[PDB]
>>> print(open('query.json').read())   # JSON, N, CA, C and O atoms and all ligand atoms
[["chain", "number", "residue", "atom", "x", "y", "z"],
["A", 1124, "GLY", "N", -41.46, -42.06, -9.97],
["A", 1124, "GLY", "CA", -41.51, -42.36, -8.55],
["A", 1124, "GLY", "C", -40.17, -42.72, -7.91],
["A", 1124, "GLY", "O", -39.15, -42.80, -8.57],
["A", 1125, "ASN", "N", -40.21, -42.93, -6.60],
["A", 1125, "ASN", "CA", -39.03, -43.27, -5.79],
["A", 1125, "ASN", "C", -39.28, -44.63, -5.20],
["A", 1125, "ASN", "O", -40.43, -44.99, -4.96],
["A", 1126, "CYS", "N", -38.23, -45.38, -4.86],
["A", 1126, "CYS", "CA", -38.51, -46.68, -4.25],
["A", 1126, "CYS", "C", -38.83, -46.54, -2.75],
["A", 1126, "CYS", "O", -38.13, -47.09, -1.89],
["A", 1127, "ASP", "N", -39.89, -45.79, -2.44],
["A", 1127, "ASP", "CA", -40.41, -45.69, -1.07],
["A", 1127, "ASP", "C", -41.94, -45.85, -0.90],
["A", 1127, "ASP", "O", -42.47, -45.62, 0.19],
["A", 1128, "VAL", "N", -42.64, -46.21, -1.97],
["A", 1128, "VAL", "CA", -44.11, -46.36, -1.93],
["A", 1128, "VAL", "C", -44.65, -47.74, -2.36],
["A", 1128, "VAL", "O", -45.61, -48.23, -1.75],
["A", 1129, "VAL", "N", -44.04, -48.37, -3.36],
["A", 1129, "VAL", "CA", -44.54, -49.63, -3.92],
["A", 1129, "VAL", "C", -44.59, -50.77, -2.89],
["A", 1129, "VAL", "O", -43.62, -51.00, -2.18],
["A", 1130, "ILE", "N", -45.70, -51.50, -2.85],
["A", 1130, "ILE", "CA", -45.87, -52.58, -1.87],
["A", 1130, "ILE", "C", -44.97, -53.81, -2.11],
["A", 1130, "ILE", "O", -44.41, -54.35, -1.15],
["A", 1131, "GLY", "N", -44.80, -54.22, -3.37],
["A", 1131, "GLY", "CA", -43.94, -55.36, -3.68],
["A", 1131, "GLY", "C", -42.84, -54.93, -4.62],
["A", 1131, "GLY", "O", -43.12, -54.35, -5.67],
["A", 1132, "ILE", "N", -41.58, -55.17, -4.25],
["A", 1132, "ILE", "CA", -40.43, -54.71, -5.08],
["A", 1132, "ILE", "C", -39.15, -55.59, -5.12],
["A", 1132, "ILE", "O", -38.92, -56.42, -4.23],
["A", 1133, "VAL", "N", -38.33, -55.38, -6.16],
["A", 1133, "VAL", "CA", -37.05, -56.13, -6.38],
["A", 1133, "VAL", "C", -35.89, -55.26, -6.91],
["A", 1133, "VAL", "O", -36.11, -54.15, -7.40],
["A", 1134, "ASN", "N", -34.66, -55.75, -6.82],
["A", 1134, "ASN", "CA", -33.48, -54.96, -7.19],
["A", 1134, "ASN", "C", -32.75, -55.60, -8.39],
["A", 1134, "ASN", "O", -32.36, -56.76, -8.35],
["A", 1135, "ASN", "N", -32.62, -54.83, -9.47],
["A", 1135, "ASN", "CA", -32.01, -55.25, -10.73],
["A", 1135, "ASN", "C", -31.60, -53.95, -11.43],
["A", 1135, "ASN", "O", -32.11, -52.88, -11.08],
["A", 1136, "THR", "N", -30.70, -54.01, -12.38],
["A", 1136, "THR", "CA", -30.22, -52.78, -12.99],
["A", 1136, "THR", "C", -30.79, -52.59, -14.39],
["A", 1136, "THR", "O", -30.60, -53.42, -15.27],
["A", 1137, "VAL", "N", -31.52, -51.49, -14.58],
["A", 1137, "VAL", "CA", -32.07, -51.14, -15.87],
["A", 1137, "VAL", "C", -30.89, -50.72, -16.72],
["A", 1137, "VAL", "O", -30.18, -49.76, -16.39],
["A", 1138, "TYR", "N", -30.70, -51.42, -17.83],
["A", 1138, "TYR", "CA", -29.51, -51.27, -18.70],
["A", 1138, "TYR", "C", -29.24, -49.92, -19.41],
["A", 1138, "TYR", "O", -28.07, -49.55, -19.51],
["A", 1139, "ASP", "N", -30.26, -49.23, -19.93],
["A", 1139, "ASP", "CA", -30.09, -47.94, -20.65],
["A", 1139, "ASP", "C", -28.90, -47.93, -21.66],
["A", 1139, "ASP", "O", -27.99, -47.09, -21.59],
["A", 1140, "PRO", "N", -28.94, -48.85, -22.63],
["A", 1140, "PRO", "CA", -27.95, -49.21, -23.67],
["A", 1140, "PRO", "C", -27.15, -48.05, -24.26],
["A", 1140, "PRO", "O", -26.09, -48.28, -24.82],
["A", 1141, "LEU", "N", -27.65, -46.83, -24.12],
["A", 1141, "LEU", "CA", -26.96, -45.62, -24.61],
["A", 1141, "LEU", "C", -25.59, -45.40, -24.00],
["A", 1141, "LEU", "O", -24.74, -44.85, -24.69],
["A", 1142, "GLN", "N", -25.34, -45.79, -22.75],
["A", 1142, "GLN", "CA", -24.03, -45.63, -22.13],
["A", 1142, "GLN", "C", -23.03, -46.33, -23.00],
["A", 1142, "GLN", "O", -21.94, -45.79, -23.27],
["A", 1143, "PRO", "N", -23.36, -47.56, -23.44],
["A", 1143, "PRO", "CA", -22.55, -48.30, -24.40],
["A", 1143, "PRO", "C", -22.37, -47.52, -25.71],
["A", 1143, "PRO", "O", -21.26, -47.44, -26.24],
["A", 1144, "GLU", "N", -23.47, -46.94, -26.18],
["A", 1144, "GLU", "CA", -23.44, -46.15, -27.41],
["A", 1144, "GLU", "C", -22.55, -44.92, -27.31],
["A", 1144, "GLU", "O", -21.82, -44.62, -28.24],
["A", 1145, "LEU", "N", -22.59, -44.25, -26.17],
["A", 1145, "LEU", "CA", -21.80, -43.05, -25.95],
["A", 1145, "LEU", "C", -20.31, -43.38, -26.01],
["A", 1145, "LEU", "O", -19.54, -42.67, -26.66],
["A", 1146, "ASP", "N", -19.91, -44.47, -25.36],
["A", 1146, "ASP", "CA", -18.52, -44.89, -25.34],
["A", 1146, "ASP", "C", -18.18, -45.74, -26.56],
["A", 1146, "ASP", "O", -17.85, -45.09, -27.65],
["B", 1124, "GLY", "N", -42.30, -32.09, -38.23],
["B", 1124, "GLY", "CA", -42.65, -30.92, -39.03],
["B", 1124, "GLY", "C", -41.85, -29.67, -38.85],
["B", 1124, "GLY", "O", -40.71, -29.68, -38.36],
["B", 1125, "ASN", "N", -42.46, -28.57, -39.27],
["B", 1125, "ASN", "CA", -41.90, -27.26, -39.11],
["B", 1125, "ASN", "C", -42.77, -26.52, -38.12],
["B", 1125, "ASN", "O", -43.97, -26.76, -38.01],
["B", 1126, "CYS", "N", -42.13, -25.64, -37.35],
["B", 1126, "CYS", "CA", -42.82, -24.96, -36.28],
["B", 1126, "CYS", "C", -43.95, -24.05, -36.74],
["B", 1126, "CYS", "O", -44.97, -23.96, -36.06],
["B", 1127, "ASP", "N", -43.81, -23.46, -37.93],
["B", 1127, "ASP", "CA", -44.82, -22.57, -38.50],
["B", 1127, "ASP", "C", -46.19, -23.21, -38.79],
["B", 1127, "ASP", "O", -47.21, -22.55, -38.59],
["B", 1128, "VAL", "N", -46.21, -24.47, -39.20],
["B", 1128, "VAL", "CA", -47.45, -25.14, -39.61],
["B", 1128, "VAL", "C", -48.50, -25.31, -38.50],
["B", 1128, "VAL", "O", -49.69, -25.04, -38.72],
["B", 1129, "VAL", "N", -48.06, -25.71, -37.32],
["B", 1129, "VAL", "CA", -48.96, -25.95, -36.19],
["B", 1129, "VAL", "C", -49.46, -24.63, -35.61],
["B", 1129, "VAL", "O", -48.80, -23.59, -35.75],
["B", 1130, "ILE", "N", -50.63, -24.65, -34.99],
["B", 1130, "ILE", "CA", -51.23, -23.46, -34.40],
["B", 1130, "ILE", "C", -51.26, -23.53, -32.88],
["B", 1130, "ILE", "O", -51.69, -24.52, -32.29],
["B", 1131, "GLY", "N", -50.83, -22.44, -32.24],
["B", 1131, "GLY", "CA", -50.81, -22.34, -30.78],
["B", 1131, "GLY", "C", -49.57, -22.93, -30.13],
["B", 1131, "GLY", "O", -49.50, -22.98, -28.90],
["B", 1132, "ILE", "N", -48.61, -23.38, -30.94],
["B", 1132, "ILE", "CA", -47.36, -23.93, -30.45],
["B", 1132, "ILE", "C", -46.59, -22.88, -29.65],
["B", 1132, "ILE", "O", -46.56, -21.71, -30.02],
["B", 1133, "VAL", "N", -46.00, -23.28, -28.53],
["B", 1133, "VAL", "CA", -45.31, -22.31, -27.67],
["B", 1133, "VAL", "C", -43.83, -22.62, -27.60],
["B", 1133, "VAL", "O", -43.42, -23.77, -27.38],
["B", 1134, "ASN", "N", -43.02, -21.57, -27.77],
["B", 1134, "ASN", "CA", -41.58, -21.68, -27.70],
["B", 1134, "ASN", "C", -41.18, -22.24, -26.34],
["B", 1134, "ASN", "O", -41.65, -21.74, -25.32],
["B", 1135, "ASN", "N", -40.39, -23.31, -26.34],
["B", 1135, "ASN", "CA", -39.92, -23.92, -25.11],
["B", 1135, "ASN", "C", -38.65, -24.71, -25.40],
["B", 1135, "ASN", "O", -38.26, -24.91, -26.56],
["B", 1136, "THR", "N", -37.99, -25.16, -24.35],
["B", 1136, "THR", "CA", -36.78, -25.96, -24.50],
["B", 1136, "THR", "C", -37.05, -27.42, -24.17],
["B", 1136, "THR", "O", -37.61, -27.75, -23.13],
["B", 1137, "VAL", "N", -36.60, -28.30, -25.06],
["B", 1137, "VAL", "CA", -36.74, -29.74, -24.86],
["B", 1137, "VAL", "C", -35.40, -30.30, -24.48],
["B", 1137, "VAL", "O", -34.40, -30.02, -25.16],
["B", 1138, "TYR", "N", -35.38, -31.09, -23.42],
["B", 1138, "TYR", "CA", -34.12, -31.60, -22.89],
["B", 1138, "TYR", "C", -33.84, -33.04, -23.29],
["B", 1138, "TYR", "O", -34.70, -33.92, -23.18],
["B", 1139, "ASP", "N", -32.60, -33.27, -23.73],
["B", 1139, "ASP", "CA", -32.16, -34.58, -24.13],
["B", 1139, "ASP", "C", -31.22, -35.14, -23.07],
["B", 1139, "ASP", "O", -30.22, -34.50, -22.74],
["B", 1140, "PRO", "N", -31.53, -36.33, -22.54],
["B", 1140, "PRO", "CA", -30.72, -37.02, -21.52],
["B", 1140, "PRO", "C", -29.33, -37.42, -22.02],
["B", 1140, "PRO", "O", -28.36, -37.35, -21.27],
["B", 1141, "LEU", "N", -29.26, -37.85, -23.27],
["B", 1141, "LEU", "CA", -28.03, -38.33, -23.89],
["B", 1141, "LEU", "C", -26.87, -37.34, -24.03],
["B", 1141, "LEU", "O", -25.71, -37.73, -23.87],
["B", 1142, "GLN", "N", -27.16, -36.08, -24.32],
["B", 1142, "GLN", "CA", -26.10, -35.09, -24.54],
["B", 1142, "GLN", "C", -25.17, -34.87, -23.34],
["B", 1142, "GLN", "O", -23.95, -34.77, -23.51],
["B", 1143, "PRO", "N", -25.75, -34.78, -22.13],
["B", 1143, "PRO", "CA", -24.99, -34.57, -20.90],
["B", 1143, "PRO", "C", -23.97, -35.69, -20.65],
["B", 1143, "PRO", "O", -22.82, -35.41, -20.33],
["B", 1144, "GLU", "N", -24.42, -36.93, -20.80],
["B", 1144, "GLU", "CA", -23.55, -38.08, -20.60],
["B", 1144, "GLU", "C", -22.40, -38.10, -21.60],
["B", 1144, "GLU", "O", -21.26, -38.42, -21.24],
["B", 1145, "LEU", "N", -22.70, -37.75, -22.84],
["B", 1145, "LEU", "CA", -21.69, -37.72, -23.90],
["B", 1145, "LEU", "C", -20.61, -36.69, -23.59],
["B", 1145, "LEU", "O", -19.42, -36.94, -23.81],
["B", 1146, "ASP", "N", -21.02, -35.54, -23.07],
["B", 1146, "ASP", "CA", -20.09, -34.47, -22.73],
["B", 1146, "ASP", "C", -19.38, -34.76, -21.41],
["B", 1146, "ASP", "O", -19.82, -35.71, -20.65],
["A", 1201, "LIG", "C1", -47.08, -61.13, -0.44],
["A", 1201, "LIG", "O1", -46.81, -60.16, -1.45],
["A", 1201, "LIG", "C2", -45.89, -59.13, -1.10],
["A", 1201, "LIG", "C3", -45.80, -58.17, -2.28],
["A", 1201, "LIG", "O2", -47.04, -57.48, -2.39],
["A", 1201, "LIG", "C4", -44.53, -59.72, -0.75],
["A", 1201, "LIG", "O3", -43.68, -58.68, -0.26],
["A", 1201, "LIG", "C5", -44.65, -60.78, 0.33],
["A", 1201, "LIG", "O4", -43.40, -61.46, 0.44],
["A", 1201, "LIG", "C6", -45.77, -61.78, 0.06],
["A", 1201, "LIG", "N1", -45.99, -62.51, 1.29],
["A", 1201, "LIG", "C7", -46.65, -63.65, 1.30],
["A", 1201, "LIG", "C8", -46.81, -64.31, 2.63],
["A", 1201, "LIG", "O5", -47.11, -64.12, 0.27],
["A", 1202, "LIG", "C1", -56.29, -18.17, -27.98],
["A", 1202, "LIG", "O1", -57.27, -17.27, -27.47],
["A", 1202, "LIG", "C2", -56.84, -15.90, -27.46],
["A", 1202, "LIG", "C3", -57.95, -15.00, -26.88],
["A", 1202, "LIG", "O2", -57.39, -13.80, -26.33],
["A", 1202, "LIG", "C4", -56.43, -15.45, -28.87],
["A", 1202, "LIG", "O3", -55.83, -14.16, -28.82],
["A", 1202, "LIG", "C5", -55.46, -16.41, -29.53],
["A", 1202, "LIG", "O4", -55.28, -16.06, -30.90],
["A", 1202, "LIG", "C6", -56.00, -17.83, -29.43],
["A", 1202, "LIG", "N1", -55.03, -18.76, -29.95],
["A", 1202, "LIG", "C7", -54.99, -19.31, -31.18],
["A", 1202, "LIG", "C8", -56.00, -19.00, -32.26],
["A", 1202, "LIG", "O5", -54.09, -20.08, -31.40],
["A", 1203, "LIG", "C1", -40.99, -17.81, -30.71],
["A", 1203, "LIG", "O1", -42.33, -17.71, -31.19],
["A", 1203, "LIG", "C2", -42.51, -16.63, -32.13],
["A", 1203, "LIG", "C3", -43.98, -16.58, -32.59],
["A", 1203, "LIG", "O2", -44.32, -15.26, -33.01],
["A", 1203, "LIG", "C4", -41.55, -16.78, -33.31],
["A", 1203, "LIG", "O3", -41.61, -15.61, -34.13],
["A", 1203, "LIG", "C5", -40.11, -16.99, -32.86],
["A", 1203, "LIG", "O4", -39.29, -17.30, -33.99],
["A", 1203, "LIG", "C6", -40.05, -18.13, -31.86],
["A", 1203, "LIG", "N1", -38.72, -18.27, -31.33],
["A", 1203, "LIG", "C7", -37.76, -19.12, -31.74],
["A", 1203, "LIG", "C8", -37.95, -20.11, -32.86],
["A", 1203, "LIG", "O5", -36.71, -19.07, -31.16]]
>>> encode(input="query.json", output="structure tokens", more="lines below")
Ligand SMILES: *[C@@H]1O[C@H](CO)[C@@H](O)[C@H](O)[C@H]1NC(C)=O
Ligand SMILES: *[C@@H]1O[C@H](CO)[C@@H](O)[C@H](O)[C@H]1NC(C)=O
Ligand SMILES: *[C@@H]1O[C@H](CO)[C@@H](O)[C@H](O)[C@H]1NC(C)=O
Amino acid sequence: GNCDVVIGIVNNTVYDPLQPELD
Amino acid sequence: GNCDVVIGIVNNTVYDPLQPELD
């Protein structure tokens, strides 16, 4: 989904640890 | 497994998110 439908929402960054792994 | 063992399996491409970032 996109952040244009959900009734209650917040802003935080999903880490996806692989970026660290790649570098 | 190996592709031969399963029945009705269809040739297709599976995409990996990690490879693009690495390159
Ligand atoms: C009620 O809940 C919504 C999320 O569904 C939130 O945006 C809102 O701030 C809340 N308001 C009150 C008055 O509880
Ligand atoms: C699926 O059904 C068709 C019927 O035309 C058949 O040719 C095919 O062998 C079947 N798939 C199998 C057994 O995986
Ligand atoms: C595609 O499927 C056929 C099934 O007859 C197989 O012979 C062929 O090797 C497959 N293609 C691949 C692995 O690229």
>>> calpha_fit_rmsd(input="query.json", fixed="chain A", moving="chain B")
0.8 Å
>>> residues_near_ligand(input="query.json", ligand="ligand LIG 1202 (chain A)", cutoff="7 Å", atoms="all atoms listed in the file", output="PyMOL selection string")
chain B and resi 1130-1132
>>> residues_near_ligand(input="query.json", ligand="ligand LIG 1203 (chain A)", cutoff="8 Å", atoms="only N, CA, C and O atoms and all ligand atoms", output="list in words")
residues 1126, 1132, 1133, 1134 and 1135 of chain B
>>> write_last_selection(input="query.json", atoms="N, CA, C and O atoms", output="PDB file, keeping the file's coordinate frame")
ATOM      1  N   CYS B1126     -42.130 -25.640 -37.350  1.00  0.00           N
ATOM      2  CA  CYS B1126     -42.820 -24.960 -36.280  1.00  0.00           C
ATOM      3  C   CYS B1126     -43.950 -24.050 -36.740  1.00  0.00           C
ATOM      4  O   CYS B1126     -44.970 -23.960 -36.060  1.00  0.00           O
ATOM      5  N   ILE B1132     -48.610 -23.380 -30.940  1.00  0.00           N
ATOM      6  CA  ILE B1132     -47.360 -23.930 -30.450  1.00  0.00           C
ATOM      7  C   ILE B1132     -46.590 -22.880 -29.650  1.00  0.00           C
ATOM      8  O   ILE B1132     -46.560 -21.710 -30.020  1.00  0.00           O
ATOM      9  N   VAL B1133     -46.000 -23.280 -28.530  1.00  0.00           N
ATOM     10  CA  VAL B1133     -45.310 -22.310 -27.670  1.00  0.00           C
ATOM     11  C   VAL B1133     -43.830 -22.620 -27.600  1.00  0.00           C
ATOM     12  O   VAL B1133     -43.420 -23.770 -27.380  1.00  0.00           O
ATOM     13  N   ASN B1134     -43.020 -21.570 -27.770  1.00  0.00           N
ATOM     14  CA  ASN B1134     -41.580 -21.680 -27.700  1.00  0.00           C
ATOM     15  C   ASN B1134     -41.180 -22.240 -26.340  1.00  0.00           C
ATOM     16  O   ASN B1134     -41.650 -21.740 -25.320  1.00  0.00           O
ATOM     17  N   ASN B1135     -40.390 -23.310 -26.340  1.00  0.00           N
ATOM     18  CA  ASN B1135     -39.920 -23.920 -25.110  1.00  0.00           C
ATOM     19  C   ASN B1135     -38.650 -24.710 -25.400  1.00  0.00           C
ATOM     20  O   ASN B1135     -38.260 -24.910 -26.560  1.00  0.00           O
TER      21      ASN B1135
END
>>> select_by_dssp(input="query.json", residues="chain A", states="alpha helix (DSSP H)", output="ChimeraX atom specification")
/A:1141-1145
>>> interface_residues(input="query.json", of="chain B", to="chain A", cutoff="7 Å", atoms="only N, CA, C and O atoms", output="PyMOL selection string")
chain B and resi 1141+1144-1145
